[PDB]
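Values quoted throughout were computed directly from the atomic coordinates according to the rules given, and no laboratory measurement underlies them. Positions of Cβ are backbone-derived with ideal geometry, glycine not excepted, and every protein chain shown enters the neighbour counts.
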Amino acid sequence: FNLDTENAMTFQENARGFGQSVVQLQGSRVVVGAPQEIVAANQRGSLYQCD
Amino acid sequence: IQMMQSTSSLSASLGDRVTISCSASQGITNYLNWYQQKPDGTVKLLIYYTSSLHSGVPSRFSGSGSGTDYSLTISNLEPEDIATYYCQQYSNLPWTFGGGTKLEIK
Amino acid sequence: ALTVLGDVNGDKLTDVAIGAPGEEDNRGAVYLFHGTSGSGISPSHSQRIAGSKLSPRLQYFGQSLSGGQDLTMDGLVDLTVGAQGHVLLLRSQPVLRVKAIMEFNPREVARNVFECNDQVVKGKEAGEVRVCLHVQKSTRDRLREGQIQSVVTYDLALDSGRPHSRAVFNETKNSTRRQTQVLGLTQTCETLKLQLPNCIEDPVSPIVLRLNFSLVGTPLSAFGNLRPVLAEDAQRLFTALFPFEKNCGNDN
Amino acid sequence: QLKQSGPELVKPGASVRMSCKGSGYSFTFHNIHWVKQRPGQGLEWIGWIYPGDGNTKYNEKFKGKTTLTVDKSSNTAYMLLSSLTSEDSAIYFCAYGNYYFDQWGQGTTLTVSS
Amino acid sequence: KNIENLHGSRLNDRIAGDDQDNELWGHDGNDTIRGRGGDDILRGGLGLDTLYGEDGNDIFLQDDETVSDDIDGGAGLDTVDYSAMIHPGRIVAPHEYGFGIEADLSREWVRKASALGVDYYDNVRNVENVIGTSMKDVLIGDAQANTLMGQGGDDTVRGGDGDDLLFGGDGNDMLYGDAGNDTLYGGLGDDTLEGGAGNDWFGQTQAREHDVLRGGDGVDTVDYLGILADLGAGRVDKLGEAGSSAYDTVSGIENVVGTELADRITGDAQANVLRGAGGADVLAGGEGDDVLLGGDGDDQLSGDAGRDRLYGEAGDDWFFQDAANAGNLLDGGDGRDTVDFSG
Ligand SMILES: *[C@@H]1O[C@H](CO)[C@@H](O)[C@H](O)[C@H]1NC(C)=O
Ligand SMILES: *[C@@H]1O[C@H](CO)[C@@H](O)[C@H](O)[C@H]1NC(C)=O
Ligand SMILES: *[C@@H]1O[C@H](CO)[C@@H](O)[C@H](O)[C@H]1NC(C)=O
Ligand SMILES: [Ca+2]
Ligand SMILES: [Ca+2]
Ligand SMILES: [Ca+2]
Ligand SMILES: [Ca+2]
Ligand SMILES: [Ca+2]
Ligand SMILES: [Ca+2]
Ligand SMILES: [Ca+2]
Ligand SMILES: [Ca+2]
Ligand SMILES: [Ca+2]
Ligand SMILES: [Ca+2]
Ligand SMILES: [Ca+2]
Ligand SMILES: [Ca+2]
Ligand SMILES: [Ca+2]
Ligand SMILES: [Ca+2]
Ligand SMILES: [Ca+2]
Ligand SMILES: [Ca+2]
Ligand SMILES: [Ca+2]
Ligand SMILES: [Ca+2]
Ligand SMILES: [Ca+2]
Ligand SMILES: [Ca+2]
Ligand SMILES: [Ca+2]
Ligand SMILES: [Ca+2]
Ligand SMILES: [Ca+2]
Ligand SMILES: [Ca+2]
């Protein structure tokens, strides 16, 4: 009953699969995976560090 | 601790307000003195701290400051205030004096 | 998807969040369940956050969850929810409770106040009631003291549940009174006179005073407009009694 | 009040001792300091001696040429200068005080020439 | 029968004592321990424990863990000891902020451990004394009289209201006395001490270290070749020689107590009571009304200005007085005391 909903900060990223996996890290940052984003040739998947 | 008195000479008329400033290379934690040397050659102590007034001096003189910047202020100059003024510290050996500022009536 | 959120409401019991990405035509929702004494989970949820109530672009809201840490540096746990193309940060809020106390002076109505008399001025009876309010905080966090302020309004009802009240307030001349004021985390007190217009011909029933309030928390500018909230189980009604003097025999 | 010796004339390379006389109160409650004043210059601190015990502290740049001595019985302080040079011609002051110099002498003139 | 101590099991236990002194250990599990009468030593061990001391002076020993505990000492002067959190082995609880423990007896919690995003607390009620850890800590008192000890590290201690007794220990510590009549001990290392409002007391040890002393409102006291103290210049030299590297910064202190060795004390323009104790001491009061006490040995007194009263006590004491001054009192005590009017 005490979770904020009117002042929620949203991270947006155009990479495919963004938001599929999420984990908190060290009390200041959150790590988000983008499994289906094509980084380069014969490469798939990327990680993001959102503050 | 090298101690600086940039203003070597000063001038003012009777009744004016005079400020003499002395600065230090590092912190002195309020451990500074002011002395007066009249033209006759005698040396006298005016304030024996940053602000503590000596016994024999009139209330005209006053001092203040903290850290590396200090100042001696004459509220209302009088015809007996012609002399050279020095700043001295006792925060670190050896104890050093200032260059001196001379006051001459306009 | 479901993760541990830690203690959110401040009752020293662990709470969980469970995700429902397929709700409202794949818009998604997040449910919150409180922990209970006895190594169990409460069978009903305490909150439901819907993606449609946040932004229309959200899809699969709640497909990934992670919690148990503080990221806002205010000492309160936070919940990260992952959606298709977005990641949201929901933040816990301070939890507040209010305790109220009422005293009368004198403790009982005097005999000469309500006795029938013909050579006296009608409606000139007297009394006093003292009302004190205290707002306290339950959760532990790293925000400084004095930042939390709230606006509290409340009702006073003399002889609630009676068609005609025996006693009325002096300033309003009726049984009801409304007042709003801003409270910190410190007790404040207020006093106000009570007046009786006519004699009481049934002194066997004490005068009853009722109090009930609503609290609104002002936002915290230093921590991203966070607002404290009232506890969902907080007592919101208080009552005190004002008995009459007895004259059982020879005025003893 | 402190009384000092009169003016002195000396040849280069010699040594001169200067006197500074006060009272029992000054030598019992205060240290004795020595200060020089070159012509057309300011004031420089030499060192102090404690009359009660004779312990001394010296300025580093005056350590070699200076020796401080005290006669507690007659309340007289002595400064010994050695290897006098043309840079040693000045007016020498004696003052008493612990951290601030309270009373100053009338000064003594030293003339190094031939 | 006739058993005073008890050690619990690895499971959940309910341990109760008697009116004698008991040492009660709960070990693993969630335990409820009551000490009842007397002075008791309660150690819950690992697990979520509830501890009571009731009447008497009780002691609670805390362990290296993140699990919270509830502590209620009841009546009497009670203490909690946190020394076992940091030990030479491997530490399980995190201290990623590097602050050891944080105590606020006004808000009734102790932050026993702290990760970057998670804070672990203990609930503490009716406990008046705290003992810190080897690392740096933050100690805060309440409206009552508290005894706060920082032990090692660079600690900060605030006594709050009342008459407190604050200890710094080894390391460079920050001690604040706040309101009341406080007693401040700095210990080893370079510390600063201020007592604030009320009449405070400082104790120094004549070692080779530099300390800063601030006496606020009220009459305050400092206690210690001997020392060379000059309150007018705001400097005290610990080993008796001016300009040394072992010195103290003094401001707002009216009374001085010397060492059993030979000391030199000079007072400022305010009213001063100067005590020299044993040894051959030199005392000067400056201006204003002052009281001088030379104690044992042969001492020399000045009483420069104002209406002063001078006591010499045992020994061959010497007095200096101005013939033009009025309103003075002298008392040589035992010995061949001499008065000098030539000053
Ligand atoms: C890896 O993914 C790319 C994506 O287009 C695909 O073309 C390629 O064949 C894949 N590699 C293998 C070994 O299947
Ligand atoms: C008290 O309760 C009544 C209904 O019982 C409600 O109308 C009123 O708004 C409440 N008081 C406040 C301050 O909300
Ligand atoms: C009582 O008086 C107050 C102030 O005049 C008014 O706001 C309130 O509506 C009144 N209540 C009733 C029931 O008339
Ligand atoms: Ca809970
Ligand atoms: Ca937060
Ligand atoms: Ca036994
Ligand atoms: Ca156990
Ligand atoms: Ca017991
Ligand atoms: Ca246990
Ligand atoms: Ca425990
Ligand atoms: Ca007990
Ligand atoms: Ca107890
Ligand atoms: Ca207690
Ligand atoms: Ca410590
Ligand atoms: Ca206290
Ligand atoms: Ca310490
Ligand atoms: Ca205090
Ligand atoms: Ca105090
Ligand atoms: Ca220390
Ligand atoms: Ca120390
Ligand atoms: Ca003071
Ligand atoms: Ca004095
Ligand atoms: Ca002594
Ligand atoms: Ca003595
Ligand atoms: Ca005096
Ligand atoms: Ca004596
Ligand atoms: Ca004697």
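Structure summary
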{"quantity": "Check on D:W104, within 21 Å of B:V43 (Cβ to Cβ) and within 13 Å of chain E (Cβ to nearest Cβ)", "calculated": "no"}
{"quantity": "E:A269, sole failed condition from (1) surrounded by 18 or more Cβ atoms within 10 Å (Cβ to Cβ); (2) in a loop (DSSP other than H, G, I, E, B)", "calculated": "(1)"}
{"quantity": "Conditions (1) farther than 20 Å from E:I101 by Cα; (2) near ligand 9 (Cβ under 9 Å from one of its atoms): number failed by E:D49", "calculated": "(1)"}
{"quantity": "All positions within the stretch E:175-211 that are charged (D, E, K, R), within 14 Å of chain B (Cβ to nearest Cβ) and either within 16 Å of ligand 8 (Cβ to nearest atom) or assigned to a loop (DSSP other than H, G, I, E, B) (or both)", "calculated": "E:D190"}
{"quantity": "The listed residue being more than 14 Å from chain A (Cβ to nearest Cβ), at positive phi and away from ligand 25 (no atom under 16 Å from the Cβ), out of C:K173, C:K193", "calculated": "C:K173"}
{"quantity": "Single unsatisfied condition, E:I33 versus (1) in a loop (DSSP other than H, G, I, E, B); (2) crowded, with 19+ Cβ neighbours inside 10 Å; (3) not polar (S, T, N, Q)", "calculated": "(1)"}
{"quantity": "Some residue of the stretch E:136-144 being assigned to a strand (DSSP E or B) and polar (S, T, N, Q)", "calculated": "no"}
{"quantity": "Unique match (being away from ligand 10 (no atom under 16 Å from the Cβ), more than 14 Å from chain C (Cβ to nearest Cβ), among the hydrophobic types (A, V, I, L, M, F, W, C) and farther than 25 Å from E:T133 by Cα) among E:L77, E:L6", "calculated": "E:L6"}
{"quantity": "Residue in the stretch A:7-15 that is under 12 Å from the mean Cα position of the chain (by Cα) and hydrophobic (A, V, I, L, M, F, W, C) present", "calculated": "yes"}
{"quantity": "Meets criteria (in contact with a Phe, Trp or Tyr (Cβ under 9 Å, 6 or more places away or on another chain), outside any helix (DSSP H, G or I) and away from chain E (no Cβ under 14 Å)) for D:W34", "calculated": "yes"}
{"quantity": "Residues located in the stretch E:239-281, provided they are β-branched (V, I, T), away from chain B (no Cβ under 14 Å) and under 18 Å from E:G186 (Cα atoms)", "calculated": "E:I253, E:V256, E:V257, E:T259"}
{"quantity": "Residue, nearest to the chain's Cα centre (by Cα), within the stretch B:1-43, restricted to residues that are more than 13 Å from chain D (Cβ to nearest Cβ) and hydrophobic (A, V, I, L, M, F, W, C)", "calculated": "B:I20"}
{"quantity": "Neighbours by Cβ (under 8 Å, 6+ apart or cross-chain): first from the stretch B:60-72, farther than 23 Å from B:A83 by Cβ; second among the acidic types (D, E) and part of a strand (DSSP E or B)", "calculated": "none"}
{"quantity": "Residues being more than 14 Å from chain E (Cβ to nearest Cβ) and either closer than 20 Å to C:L54 by Cα or among the charged types (D, E, K, R) (or both) - total across the stretch A:5-31", "calculated": "15"}
{"quantity": "Failed item in (1) in a loop (DSSP other than H, G, I, E, B); (2) among the β-branched types (V, I, T); (3) away from ligand 11 (no atom under 16 Å from the Cβ), with E:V127 passing the rest", "calculated": "(3)"}
{"quantity": "Output for the stretch C:188-219, where each listed residue is under 30 Å from A:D4 (Cα atoms) and within 15 Å of the chain's Cα centre (by Cα)", "calculated": "C:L211, C:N212, C:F213, C:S214, C:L215, C:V216, C:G217, C:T218"}
{"quantity": "Matching residues, the stretch E:84-103, being surrounded by fewer than 18 Cβ atoms within 10 Å (Cβ to Cβ) and among the acidic types (D, E)", "calculated": "E:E96"}
{"quantity": "Residue that is farthest from the other protein chains (Cβ to nearest Cβ) [pool: residues in the stretch E:282-301 that are more than 15 Å from ligand 22 (Cβ to nearest atom) and within 27 Å of the chain's Cα centre (by Cα)]", "calculated": "E:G295"}
{"quantity": "Filter result (under 14 Å from B:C22 (Cβ atoms) and more than 14 Å from chain D (Cβ to nearest Cβ)) within the stretch B:47-102", "calculated": "B:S64, B:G65, B:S66, B:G67, B:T68, B:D69, B:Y70, B:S71, B:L72, B:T73"}
{"quantity": "Strands (runs of 3 or more DSSP E) (entirely within chain A) containing at least 3 residues that are surrounded by 19 or more Cβ atoms within 10 Å (Cβ to Cβ)", "calculated": "A:29-34"}
{"quantity": "Some residue of the stretch C:114-132 being within 14 Å of chain A (Cβ to nearest Cβ), more than 16 Å from ligand 20 (Cβ to nearest atom) and not in a loop (DSSP other than H, G, I, E, B)", "calculated": "no"}
{"quantity": "Which listed residue is among the acidic types (D, E), in contact with a strand residue (DSSP E or B) (Cβ under 6 Å, 6 or more places away or on another chain) and more than 9 Å from every other protein chain (Cβ to nearest Cβ), from C:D15, C:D78", "calculated": "C:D15"}
{"quantity": "Any hit, the stretch E:146-161, residues being assigned to a loop (DSSP other than H, G, I, E, B), more than 14 Å from ligand 14 (Cβ to nearest atom) and within 14 Å of chain A (Cβ to nearest Cβ)", "calculated": "no"}
{"quantity": "Single unsatisfied condition, C:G38 versus (1) surrounded by fewer than 21 Cβ atoms within 10 Å (Cβ to Cβ); (2) on the phi < 0 side of the Ramachandran plot; (3) within 14 Å of chain E (Cβ to nearest Cβ)", "calculated": "(2)"}
{"quantity": "Set E:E65, E:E4: member being more than 16 Å from ligand 20 (Cβ to nearest atom) and under 20 Å from E:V118 (Cα atoms)", "calculated": "E:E65"}
{"quantity": "Selected residue (only one of D:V16, D:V112, D:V70 is buried (at least 16 other Cβ atoms within 10 Å of the Cβ), away from chain E (no Cβ under 14 Å) and closer than 29 Å to E:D317 by Cα)", "calculated": "D:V70"}
{"quantity": "Within the stretch C:217-252, considering residues that are closer than 17 Å to C:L183 by Cβ and β-branched (V, I, T), the one nearest to ligand 7 (Cβ to nearest atom)", "calculated": "C:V229"}
{"quantity": "Near pairs, Cβ below 9 angstrom, 6+ apart or cross-chain, from the stretch C:2-25 (part of a helix (DSSP H, G or I)) to any residue that is crowded, with 19+ Cβ neighbours inside 10 Å and of a type in the set (G, A, S)", "calculated": "C:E23/C:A29; C:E23/C:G51; C:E23/C:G62; C:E24/C:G51"}
{"quantity": "Residue count for the stretch D:40-67, restricted to those that are more than 8 Å from chain B (Cβ to nearest Cβ), closer than 18 Å to B:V43 by Cα and surrounded by fewer than 18 Cβ atoms within 10 Å (Cβ to Cβ)", "calculated": "2"}
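Conditions tested, residue by residue: (1) among the hydrophobic types (A, V, I, L, M, F, W, C); (2) away from ligand 23 (no atom under 16 Å from the Cβ); (3) under 27 Å from the mean Cα position of the chain (by Cα); (4) under 29 Å from E:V118 (Cα atoms).
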site: E:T32; (1), (2), (3), (4): no, yes, no, yes
site: E:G37; (1), (2), (3), (4): no, yes, no, no
site: E:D40; (1), (2), (3), (4): no, yes, yes, no
site: E:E54; (1), (2), (3), (4): no, yes, no, no
site: E:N57; (1), (2), (3), (4): no, yes, yes, no
site: E:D69; (1), (2), (3), (4): no, yes, no, yes
